[PDB]
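Everything on this sheet refers to the single structure shown next.
2 protein chains.
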Amino acid sequence: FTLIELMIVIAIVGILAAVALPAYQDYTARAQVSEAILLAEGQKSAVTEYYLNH
Amino acid sequence: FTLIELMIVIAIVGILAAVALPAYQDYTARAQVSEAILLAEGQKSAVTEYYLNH
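Keeping their order, the protein sequence lines are chains A and B. One point on numbering: in the working numbering, the residue at position 4 of the first sequence is 4, and numbering is uninterrupted. One point on numbering: in the working numbering, the residue at position 14 of the second sequence is 68, and numbering is uninterrupted.
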């Protein structure tokens with residue numbers, strides 16, 4: 001019944017390859033989001049300039 | 055009447071080949087039983103595992 005011990009090791013592996021990964025589709029998003037942040041930044045200038053001029 | 059002595063030896067043999075065997079149909083049983091014991095033993099594992107898991 002080391003087999004159990006085995007099947008234990010199996011069992012603990014059994015419920016070890018499921019739901020043990022939080023928030024990574026969450027995390028990639030941030031950067032994937034933040035990528036979008038990277039772009040309109042330059043627009044701020046003429047926006048300011050417009051506000052600056054006007 | 056050594057014949058008696060003979061028939062004695064006969065007589066003691068007479069009631070010697072009857073009822074002088076205890077419990078052997080009793081004994082074989084144990085093993086014959088115990089044979090049955092030998093089998094479900096392995097079931098205990100998943101039984102445990104089930105209890106172990108759950």
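Cβ coordinates follow ideal geometry from the N, Cα and C atoms, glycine included.
Chain-order list of chain A residues neighbouring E103 (chain B): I4, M7, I8, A11, by C-beta distance under 8 Å. Pairing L106 (chain B) with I8 (chain A) gives a Cβ-Cβ distance under 8 Å. Rounded to whole angstroms, the separation of the alpha carbons of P76 (chain B) and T2 (chain A) is 42 Å. Chain-order list of chain A residues neighbouring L106 (chain B): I4, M7, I8, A11, by C-beta distance under 9 Å. Taking 8 Å as the upper bound on Cβ-Cβ separation, chain A lies near residues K98, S99, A100, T102 of the stretch 89-102 of chain B. Between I4 (chain A) and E103 (chain B) the beta-carbon gap is near 6 Å, inside 8 Å, which marks them as a contact. Cβ neighbours of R30 (chain A) within its own chain (closer than 6 Å, five residues either side excluded): none.
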